[PDB]
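Containing JSON, N, CA and C atoms: query18.json.
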[["chain", "number", "residue", "atom", "x", "y", "z"],
["A", 1, "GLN", "N", -35.75, -22.19, -140.66],
["A", 1, "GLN", "CA", -35.62, -23.18, -141.84],
["A", 1, "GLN", "C", -34.65, -22.67, -142.91],
["A", 2, "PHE", "N", -34.76, -21.38, -143.20],
["A", 2, "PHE", "CA", -33.86, -20.69, -144.12],
["A", 2, "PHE", "C", -32.43, -20.78, -143.58],
["A", 3, "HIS", "N", -32.26, -20.45, -142.30],
["A", 3, "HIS", "CA", -30.97, -20.50, -141.62],
["A", 3, "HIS", "C", -30.43, -21.92, -141.47],
["A", 4, "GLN", "N", -31.33, -22.87, -141.21],
["A", 4, "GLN", "CA", -30.98, -24.29, -141.18],
["A", 4, "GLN", "C", -30.33, -24.71, -142.51],
["A", 5, "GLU", "N", -30.99, -24.41, -143.62],
["A", 5, "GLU", "CA", -30.52, -24.76, -144.97],
["A", 5, "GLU", "C", -29.18, -24.16, -145.38],
["A", 6, "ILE", "N", -28.99, -22.90, -145.02],
["A", 6, "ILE", "CA", -27.73, -22.23, -145.26],
["A", 6, "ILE", "C", -26.65, -22.91, -144.41],
["A", 7, "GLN", "N", -26.94, -23.22, -143.14],
["A", 7, "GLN", "CA", -25.95, -23.88, -142.23],
["A", 7, "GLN", "C", -25.49, -25.23, -142.79],
["A", 8, "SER", "N", -26.39, -25.86, -143.55],
["A", 8, "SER", "CA", -26.18, -27.21, -144.06],
["A", 8, "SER", "C", -25.19, -27.63, -145.20],
["A", 9, "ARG", "N", -25.06, -27.22, -146.42],
["A", 9, "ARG", "CA", -25.12, -26.07, -146.96],
["A", 9, "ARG", "C", -23.61, -25.71, -146.83],
["A", 10, "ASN", "N", -23.46, -24.78, -145.94],
["A", 10, "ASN", "CA", -22.16, -24.31, -145.53],
["A", 10, "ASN", "C", -21.30, -25.45, -145.00],
["A", 11, "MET", "N", -21.90, -26.28, -144.16],
["A", 11, "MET", "CA", -21.16, -27.41, -143.59],
["A", 11, "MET", "C", -20.67, -28.34, -144.69],
["A", 12, "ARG", "N", -21.55, -28.70, -145.64],
["A", 12, "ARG", "CA", -21.12, -29.59, -146.71],
["A", 12, "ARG", "C", -20.07, -28.96, -147.60],
["A", 13, "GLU", "N", -20.21, -27.68, -147.91],
["A", 13, "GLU", "CA", -19.18, -27.01, -148.70],
["A", 13, "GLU", "C", -17.83, -27.06, -147.98],
["A", 14, "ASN", "N", -17.86, -26.84, -146.67],
["A", 14, "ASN", "CA", -16.66, -26.87, -145.83],
["A", 14, "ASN", "C", -16.01, -28.25, -145.82],
["A", 15, "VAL", "N", -16.82, -29.29, -145.68],
["A", 15, "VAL", "CA", -16.31, -30.65, -145.71],
["A", 15, "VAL", "C", -15.68, -30.97, -147.04],
["A", 16, "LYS", "N", -16.43, -30.66, -148.14],
["A", 16, "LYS", "CA", -15.94, -30.96, -149.48],
["A", 16, "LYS", "C", -14.67, -30.22, -149.84],
["A", 17, "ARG", "N", -14.47, -29.03, -149.33],
["A", 17, "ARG", "CA", -13.22, -28.29, -149.62],
["A", 17, "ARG", "C", -12.02, -28.78, -148.80],
["A", 18, "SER", "N", -12.22, -29.76, -147.90],
["A", 18, "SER", "CA", -11.18, -30.27, -147.05],
["A", 18, "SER", "C", -10.49, -31.50, -147.61],
["A", 19, "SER", "N", -9.22, -31.65, -147.29],
["A", 19, "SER", "CA", -8.47, -32.84, -147.58],
["A", 19, "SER", "C", -8.80, -33.96, -146.61],
["A", 20, "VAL", "N", -8.94, -33.62, -145.32],
["A", 20, "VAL", "CA", -9.20, -34.57, -144.25],
["A", 20, "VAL", "C", -9.92, -33.83, -143.15],
["A", 21, "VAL", "N", -10.60, -34.58, -142.31],
["A", 21, "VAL", "CA", -11.21, -34.05, -141.10],
["A", 21, "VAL", "C", -10.57, -34.78, -139.94],
["A", 22, "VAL", "N", -10.18, -34.04, -138.92],
["A", 22, "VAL", "CA", -9.73, -34.70, -137.67],
["A", 22, "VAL", "C", -10.73, -34.44, -136.60],
["A", 23, "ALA", "N", -10.97, -35.47, -135.82],
["A", 23, "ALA", "CA", -12.06, -35.47, -134.89],
["A", 23, "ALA", "C", -11.65, -36.02, -133.53],
["A", 24, "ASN", "N", -12.45, -35.59, -132.57],
["A", 24, "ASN", "CA", -12.61, -36.14, -131.17],
["A", 24, "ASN", "C", -14.10, -36.45, -130.93],
["A", 25, "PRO", "N", -15.04, -28.19, -125.25],
["A", 25, "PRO", "CA", -15.92, -29.03, -126.02],
["A", 25, "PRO", "C", -15.84, -30.48, -125.59],
["A", 26, "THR", "N", -16.91, -31.19, -125.89],
["A", 26, "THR", "CA", -16.96, -32.62, -125.75],
["A", 26, "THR", "C", -16.51, -33.32, -127.04],
["A", 27, "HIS", "N", -17.08, -32.89, -128.15],
["A", 27, "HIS", "CA", -16.72, -33.43, -129.47],
["A", 27, "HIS", "C", -16.18, -32.29, -130.33],
["A", 28, "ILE", "N", -15.26, -32.64, -131.23],
["A", 28, "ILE", "CA", -14.61, -31.66, -132.12],
["A", 28, "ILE", "C", -14.46, -32.27, -133.49],
["A", 29, "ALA", "N", -14.68, -31.47, -134.53],
["A", 29, "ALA", "CA", -14.28, -31.83, -135.89],
["A", 29, "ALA", "C", -13.63, -30.62, -136.52],
["A", 30, "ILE", "N", -12.43, -30.80, -137.05],
["A", 30, "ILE", "CA", -11.76, -29.74, -137.72],
["A", 30, "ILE", "C", -11.31, -30.18, -139.10],
["A", 31, "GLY", "N", -11.64, -29.34, -140.06],
["A", 31, "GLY", "CA", -11.26, -29.61, -141.45],
["A", 31, "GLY", "C", -9.89, -29.04, -141.77],
["A", 32, "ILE", "N", -9.14, -29.75, -142.58],
["A", 32, "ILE", "CA", -7.81, -29.33, -142.99],
["A", 32, "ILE", "C", -7.72, -29.47, -144.50],
["A", 33, "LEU", "N", -7.22, -28.42, -145.15],
["A", 33, "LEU", "CA", -6.92, -28.44, -146.60],
["A", 33, "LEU", "C", -5.41, -28.33, -146.78],
["A", 34, "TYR", "N", -4.87, -29.21, -147.60],
["A", 34, "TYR", "CA", -3.49, -29.09, -148.03],
["A", 34, "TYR", "C", -3.40, -29.49, -149.50],
["A", 35, "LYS", "N", -2.96, -28.58, -150.33],
["A", 35, "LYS", "CA", -2.82, -28.80, -151.76],
["A", 35, "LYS", "C", -1.43, -28.34, -152.12],
["A", 36, "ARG", "N", -0.50, -29.27, -152.18],
["A", 36, "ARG", "CA", 0.91, -28.93, -152.36],
["A", 36, "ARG", "C", 1.10, -28.17, -153.65],
["A", 37, "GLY", "N", 1.76, -27.01, -153.53],
["A", 37, "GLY", "CA", 1.95, -26.10, -154.65],
["A", 37, "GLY", "C", 1.05, -24.91, -154.59],
["A", 38, "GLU", "N", -0.11, -25.03, -153.91],
["A", 38, "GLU", "CA", -1.03, -23.96, -153.70],
["A", 38, "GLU", "C", -0.96, -23.46, -152.27],
["A", 39, "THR", "N", -1.15, -24.35, -151.29],
["A", 39, "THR", "CA", -1.12, -23.97, -149.87],
["A", 39, "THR", "C", 0.27, -24.26, -149.33],
["A", 40, "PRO", "N", 1.04, -23.23, -148.91],
["A", 40, "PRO", "CA", 2.39, -23.55, -148.35],
["A", 40, "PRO", "C", 2.35, -24.43, -147.12],
["A", 41, "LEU", "N", 1.35, -24.20, -146.28],
["A", 41, "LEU", "CA", 1.08, -25.03, -145.09],
["A", 41, "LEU", "C", -0.37, -25.44, -145.17],
["A", 42, "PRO", "N", -0.74, -26.50, -144.46],
["A", 42, "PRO", "CA", -2.16, -26.82, -144.33],
["A", 42, "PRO", "C", -2.93, -25.68, -143.71],
["A", 43, "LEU", "N", -4.16, -25.55, -144.15],
["A", 43, "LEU", "CA", -5.06, -24.53, -143.58],
["A", 43, "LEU", "C", -6.30, -25.18, -142.99],
["A", 44, "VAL", "N", -6.79, -24.52, -141.97],
["A", 44, "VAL", "CA", -7.99, -24.98, -141.29],
["A", 44, "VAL", "C", -9.19, -24.48, -142.07],
["A", 45, "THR", "N", -10.08, -25.38, -142.47],
["A", 45, "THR", "CA", -11.26, -25.04, -143.25],
["A", 45, "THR", "C", -12.50, -24.84, -142.41],
["A", 46, "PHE", "N", -12.60, -25.47, -141.25],
["A", 46, "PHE", "CA", -13.80, -25.36, -140.41],
["A", 46, "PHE", "C", -13.47, -25.90, -139.05],
["A", 47, "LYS", "N", -14.30, -25.51, -138.09],
["A", 47, "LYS", "CA", -14.24, -26.04, -136.77],
["A", 47, "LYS", "C", -15.71, -26.20, -136.27],
["A", 48, "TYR", "N", -16.12, -27.40, -135.94],
["A", 48, "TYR", "CA", -17.44, -27.70, -135.36],
["A", 48, "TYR", "C", -17.21, -28.42, -134.04],
["A", 49, "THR", "N", -18.16, -28.25, -133.13],
["A", 49, "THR", "CA", -18.12, -28.92, -131.84],
["A", 49, "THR", "C", -19.44, -29.53, -131.47],
["A", 50, "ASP", "N", -19.36, -30.44, -130.51],
["A", 50, "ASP", "CA", -20.53, -30.96, -129.79],
["A", 50, "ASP", "C", -21.54, -31.49, -130.79],
["A", 51, "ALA", "N", -22.80, -31.06, -130.73],
["A", 51, "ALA", "CA", -23.86, -31.70, -131.52],
["A", 51, "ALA", "C", -23.62, -31.68, -133.02],
["A", 52, "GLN", "N", -22.89, -30.67, -133.50],
["A", 52, "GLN", "CA", -22.68, -30.59, -134.95],
["A", 52, "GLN", "C", -21.75, -31.65, -135.48],
["A", 53, "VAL", "N", -20.92, -32.24, -134.62],
["A", 53, "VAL", "CA", -19.92, -33.18, -135.10],
["A", 53, "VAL", "C", -20.56, -34.42, -135.73],
["A", 54, "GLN", "N", -21.67, -34.91, -135.19],
["A", 54, "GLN", "CA", -22.28, -36.08, -135.78],
["A", 54, "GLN", "C", -22.71, -35.83, -137.23],
["A", 55, "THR", "N", -23.19, -34.63, -137.51],
["A", 55, "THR", "CA", -23.58, -34.32, -138.89],
["A", 55, "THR", "C", -22.38, -34.18, -139.81],
["A", 56, "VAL", "N", -21.30, -33.58, -139.29],
["A", 56, "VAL", "CA", -20.05, -33.55, -140.06],
["A", 56, "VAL", "C", -19.62, -34.93, -140.44],
["A", 57, "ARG", "N", -19.66, -35.87, -139.50],
["A", 57, "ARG", "CA", -19.23, -37.21, -139.78],
["A", 57, "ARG", "C", -20.06, -37.83, -140.91],
["A", 58, "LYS", "N", -21.38, -37.64, -140.85],
["A", 58, "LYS", "CA", -22.26, -38.20, -141.88],
["A", 58, "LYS", "C", -21.96, -37.60, -143.25],
["A", 59, "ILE", "N", -21.74, -36.28, -143.28],
["A", 59, "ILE", "CA", -21.46, -35.62, -144.54],
["A", 59, "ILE", "C", -20.10, -36.08, -145.10],
["A", 60, "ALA", "N", -19.09, -36.16, -144.25],
["A", 60, "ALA", "CA", -17.77, -36.65, -144.69],
["A", 60, "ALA", "C", -17.87, -38.04, -145.28],
["A", 61, "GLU", "N", -18.63, -38.91, -144.64],
["A", 61, "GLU", "CA", -18.84, -40.26, -145.17],
["A", 61, "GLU", "C", -19.50, -40.19, -146.55],
["A", 62, "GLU", "N", -20.57, -39.41, -146.71],
["A", 62, "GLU", "CA", -21.19, -39.27, -148.02],
["A", 62, "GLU", "C", -20.24, -38.78, -149.09],
["A", 63, "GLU", "N", -19.41, -37.82, -148.73],
["A", 63, "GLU", "CA", -18.54, -37.16, -149.69],
["A", 63, "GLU", "C", -17.22, -37.88, -149.90],
["A", 64, "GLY", "N", -16.93, -38.92, -149.12],
["A", 64, "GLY", "CA", -15.65, -39.61, -149.25],
["A", 64, "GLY", "C", -14.47, -38.81, -148.74],
["A", 65, "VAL", "N", -14.70, -37.88, -147.82],
["A", 65, "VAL", "CA", -13.60, -37.13, -147.20],
["A", 65, "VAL", "C", -13.19, -37.91, -145.98],
["A", 66, "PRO", "N", -11.91, -38.29, -145.87],
["A", 66, "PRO", "CA", -11.61, -39.12, -144.71],
["A", 66, "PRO", "C", -11.68, -38.33, -143.42],
["A", 67, "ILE", "N", -12.13, -39.04, -142.41],
["A", 67, "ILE", "CA", -12.27, -38.47, -141.08],
["A", 67, "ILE", "C", -11.51, -39.40, -140.14],
["A", 68, "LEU", "N", -10.55, -38.85, -139.43],
["A", 68, "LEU", "CA", -9.60, -39.59, -138.60],
["A", 68, "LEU", "C", -9.80, -39.15, -137.15],
["A", 69, "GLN", "N", -9.82, -40.11, -136.24],
["A", 69, "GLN", "CA", -9.87, -39.82, -134.83],
["A", 69, "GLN", "C", -8.45, -39.50, -134.37],
["A", 70, "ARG", "N", -8.19, -38.24, -134.09],
["A", 70, "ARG", "CA", -6.88, -37.74, -133.69],
["A", 70, "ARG", "C", -7.14, -36.73, -132.60],
["A", 71, "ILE", "N", -7.28, -37.24, -131.37],
["A", 71, "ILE", "CA", -7.82, -36.46, -130.29],
["A", 71, "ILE", "C", -6.89, -35.34, -129.85],
["A", 72, "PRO", "N", -5.61, -35.60, -129.59],
["A", 72, "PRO", "CA", -4.73, -34.48, -129.22],
["A", 72, "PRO", "C", -4.65, -33.43, -130.32],
["A", 73, "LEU", "N", -4.58, -33.84, -131.58],
["A", 73, "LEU", "CA", -4.49, -32.87, -132.66],
["A", 73, "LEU", "C", -5.78, -32.05, -132.78],
["A", 74, "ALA", "N", -6.93, -32.69, -132.67],
["A", 74, "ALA", "CA", -8.20, -31.99, -132.74],
["A", 74, "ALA", "C", -8.26, -30.95, -131.62],
["A", 75, "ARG", "N", -7.84, -31.32, -130.43],
["A", 75, "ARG", "CA", -7.83, -30.40, -129.30],
["A", 75, "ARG", "C", -6.89, -29.24, -129.53],
["A", 76, "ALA", "N", -5.69, -29.52, -130.02],
["A", 76, "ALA", "CA", -4.70, -28.47, -130.25],
["A", 76, "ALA", "C", -5.17, -27.51, -131.33],
["A", 77, "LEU", "N", -5.74, -28.03, -132.40],
["A", 77, "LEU", "CA", -6.23, -27.14, -133.45],
["A", 77, "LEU", "C", -7.43, -26.34, -132.96],
["A", 78, "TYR", "N", -8.29, -26.94, -132.14],
["A", 78, "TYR", "CA", -9.41, -26.22, -131.57],
["A", 78, "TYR", "C", -8.95, -24.99, -130.81],
["A", 79, "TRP", "N", -7.98, -25.16, -129.89],
["A", 79, "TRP", "CA", -7.53, -24.06, -129.04],
["A", 79, "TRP", "C", -6.51, -23.15, -129.72],
["A", 80, "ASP", "N", -5.64, -23.70, -130.56],
["A", 80, "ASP", "CA", -4.44, -23.00, -131.00],
["A", 80, "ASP", "C", -4.46, -22.56, -132.45],
["A", 81, "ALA", "N", -5.40, -23.04, -133.24],
["A", 81, "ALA", "CA", -5.50, -22.71, -134.68],
["A", 81, "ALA", "C", -6.73, -21.83, -134.89],
["A", 82, "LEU", "N", -6.84, -21.26, -136.08],
["A", 82, "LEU", "CA", -8.00, -20.45, -136.48],
["A", 82, "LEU", "C", -8.45, -20.85, -137.87],
["A", 83, "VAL", "N", -9.75, -20.85, -138.07],
["A", 83, "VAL", "CA", -10.32, -21.12, -139.37],
["A", 83, "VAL", "C", -9.78, -20.12, -140.38],
["A", 84, "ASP", "N", -9.46, -20.61, -141.57],
["A", 84, "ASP", "CA", -8.93, -19.82, -142.68],
["A", 84, "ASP", "C", -7.53, -19.32, -142.45],
["A", 85, "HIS", "N", -6.84, -19.85, -141.45],
["A", 85, "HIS", "CA", -5.44, -19.57, -141.23],
["A", 85, "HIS", "C", -4.62, -20.85, -141.38],
["A", 86, "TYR", "N", -3.34, -20.69, -141.67],
["A", 86, "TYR", "CA", -2.51, -21.84, -141.69],
["A", 86, "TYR", "C", -2.34, -22.42, -140.27],
["A", 87, "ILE", "N", -2.12, -23.71, -140.22],
["A", 87, "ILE", "CA", -1.94, -24.36, -138.94],
["A", 87, "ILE", "C", -0.73, -23.82, -138.21],
["A", 88, "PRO", "N", -0.74, -23.83, -136.88],
["A", 88, "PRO", "CA", 0.44, -23.43, -136.11],
["A", 88, "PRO", "C", 1.60, -24.39, -136.32],
["A", 89, "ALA", "N", 2.83, -23.85, -136.22],
["A", 89, "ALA", "CA", 4.05, -24.62, -136.44],
["A", 89, "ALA", "C", 4.13, -25.86, -135.58],
["A", 90, "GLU", "N", 3.69, -25.73, -134.31],
["A", 90, "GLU", "CA", 3.74, -26.83, -133.35],
["A", 90, "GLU", "C", 2.92, -28.03, -133.80],
["A", 91, "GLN", "N", 1.96, -27.84, -134.72],
["A", 91, "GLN", "CA", 1.13, -28.93, -135.20],
["A", 91, "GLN", "C", 1.45, -29.37, -136.61],
["A", 92, "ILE", "N", 2.53, -28.87, -137.21],
["A", 92, "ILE", "CA", 2.88, -29.31, -138.57],
["A", 92, "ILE", "C", 3.09, -30.78, -138.70],
["A", 93, "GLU", "N", 3.93, -31.39, -137.83],
["A", 93, "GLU", "CA", 4.19, -32.84, -138.00],
["A", 93, "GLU", "C", 2.95, -33.64, -137.75],
["A", 94, "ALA", "N", 2.17, -33.28, -136.72],
["A", 94, "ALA", "CA", 0.96, -34.04, -136.43],
["A", 94, "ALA", "C", 0.01, -34.00, -137.63],
["A", 95, "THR", "N", -0.08, -32.81, -138.26],
["A", 95, "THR", "CA", -0.96, -32.63, -139.39],
["A", 95, "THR", "C", -0.44, -33.36, -140.61],
["A", 96, "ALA", "N", 0.87, -33.33, -140.81],
["A", 96, "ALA", "CA", 1.46, -34.06, -141.94],
["A", 96, "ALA", "C", 1.07, -35.54, -141.90],
["A", 97, "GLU", "N", 1.01, -36.13, -140.69],
["A", 97, "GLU", "CA", 0.67, -37.52, -140.57],
["A", 97, "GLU", "C", -0.73, -37.81, -141.10],
["A", 98, "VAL", "N", -1.71, -36.94, -140.83],
["A", 98, "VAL", "CA", -3.08, -37.16, -141.28],
["A", 98, "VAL", "C", -3.26, -36.85, -142.76],
["A", 99, "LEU", "N", -2.27, -36.21, -143.38],
["A", 99, "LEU", "CA", -2.29, -35.90, -144.80],
["A", 99, "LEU", "C", -1.52, -36.87, -145.67],
["A", 100, "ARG", "N", -0.74, -37.74, -145.06],
["A", 100, "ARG", "CA", 0.22, -38.59, -145.80],
["A", 100, "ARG", "C", -0.25, -39.28, -147.06]]

Now, as a test, write the supplied structure out as structure tokens.
Amino acid sequence: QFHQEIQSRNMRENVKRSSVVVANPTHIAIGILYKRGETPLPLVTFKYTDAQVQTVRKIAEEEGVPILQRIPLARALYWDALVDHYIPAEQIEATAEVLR
């Protein structure tokens, strides 16, 4: 229960610190932060899969963080990006589109 609350918690903080979430593992949700002038490139804020994605979606809806179905991008960030790192160069244009 203690661990459940911290996980919750952590998930909401992660969602709220994001500019957008891209979604589709079977299911994927990845958070992206881009704040022009602060972040030179977008950064990955979180990565959730499978059962956790439904809760991410609910939290994003509550918080007004947009969540976009972008299946190739979600897959590429899942395999090729890392949380708390800037996005890979190969995904800059795809990511720019979800930030427009």

Test item, strand (DSSP E or B) assignment across segment 8-86 of chain A, answer as a ChimeraX atom specification: /A:20-23,28-33,43-49,67-69,86

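The gap separating atom CA of residue 2 of chain A from atom CA of residue 33 of chain A is 28.1 Å, in Å to one decimal.
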
Which neighbours of residue 74 of chain A fall inside 8 Å, counting all atoms listed in the file, when residues of the same chain fewer than 4 positions from it are skipped, and could you give them as a list in words? residues 22, 23, 24, 28, 29, 30, 69, 70, 78, 79 and 80 of chain A

Which residues are close to segment 57-62 of chain A, i.e. within 9 Å by only C-alpha atoms, leaving aside same-chain residues fewer than 6 positions away? Reply as an NGL selection string. :A and (11-12 or 15-16 or 20-21 or 23 or 29)

Could you name the residues that touch residue 86 of chain A at 6 Å or less, counting only N, CA and C atoms, but leaving out those on the same chain fewer than 4 positions away, as a count of residues only? 4

Report, in Å to a single decimal, how far apart atom CA of residue 65 of chain A and atom CA of residue 96 of chain A are. 16.2 Å

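Pairwise distance (atom CA of residue 89 of chain A, atom CA of residue 49 of chain A) equals 23.0 Å.
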